[PDB]
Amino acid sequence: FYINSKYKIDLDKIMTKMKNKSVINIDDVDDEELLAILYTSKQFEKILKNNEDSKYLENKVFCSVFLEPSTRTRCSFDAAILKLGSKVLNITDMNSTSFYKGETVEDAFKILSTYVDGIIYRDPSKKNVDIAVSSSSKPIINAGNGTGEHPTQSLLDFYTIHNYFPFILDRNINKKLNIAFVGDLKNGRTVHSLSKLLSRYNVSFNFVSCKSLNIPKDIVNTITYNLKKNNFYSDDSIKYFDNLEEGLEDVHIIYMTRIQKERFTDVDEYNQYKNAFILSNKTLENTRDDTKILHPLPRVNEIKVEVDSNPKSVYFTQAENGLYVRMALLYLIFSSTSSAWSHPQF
């Protein structure tokens, strides 16, 4: 097994280590696990795009527990399970209060855990996902909590970037990736998580925002510590801009965030913020020719429909890639055992 046809992947060895691992945080994924996820993820991409058998995990039964509406993420996990050939029982359209009708998180996960092979859990509370992990006799995949932990979003963001700039794996001092994060860097937690993971590689960061909504010093410290550990830190590593014109020069990746209306003092600030950072074909004319545009979605006005037609636009391929990356993670974690002949290979 090979990735970038350069890095050799012992999926037997890496699956033995990943067996029944719970994935709460992007920090629960090390270098060799990230390689295994990217290789396996690509095999699912190529098998599904060629209309081939995808049933690499058949005999499993999951429970999906979504205690807030996040239909896109929920359907993405259901599709991955179902396309792998396994089965799922769904708990949706409930919250914390209505689902845990008094009963403790501990008791609830101790019970449900005896019914199934694993649990997909989305809950705005960060408390609950950690209680779930300590009470469950089965692996949990965090599909998102209010600490901004969303490992599969982070994983799928990375897979998308690696697809166009495979050198980001190399940790080569001469092959640096430059990325701009645009919009609400304070509340865009998908930025926080992806930044942390990108930070493990040779990466420079443009943080494009309007003071009130800047990246937290929290995440800048983590980025800095991680670049220093790999001797990729310089005074050029992290740059700050309040405008696209400067923000978007010499970056391989533009990652747009949600600018939600509920986040300003009024609709005054909002429309003066939205339309400031709105992405046009005009805004993109002075970017690199190889620039790729990511957005975790849903996009509202952040990106005008005209950009969907620009070849540098890949946000929908990004969403699509979530299927392959969730299939890969499930296969690696829940596969009963490993022989080499069993593994997805196109």
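Rigid core (definition): largest C-alpha set, two forms, superposition within 1.5 Å. Note that residue numbering begins at 1 and tracks the sequence as displayed.
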item	value
Stretch with larger C-alpha RMS deviation in 6 other deposited structures of this protein, core superposed, 324 to 332 versus 10 to 18	10 to 18
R171 not built in a third or more of the other entries	no
Other entries omitting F77, at least a third	no
Residue stretch of maximal mean CA temperature factor, 330 to 338 vs 5 to 13	5 to 13
Which of 312 to 320 and 273 to 281 has higher mean CA B factor, as the PDB entry lists it	273 to 281
Among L156, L213, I238, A180 - the residue whose C-alpha B-factor is largest in the record	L213
Member of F99, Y255, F109, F167 with the greatest C-alpha B factor (per the PDB record)	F99
Assigned third (lowest, middle, highest) for the C-alpha B factor of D130	middle
Chain thirds of CA B-factor: placement of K42	lowest
Entry-reported Cα temperature factor of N231, expressed as the chain third it lands in	middle
Assigned third (lowest, middle, highest) for the C-alpha B factor of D30	lowest
For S76, the third of its chain into which the C-alpha B factor falls	lowest
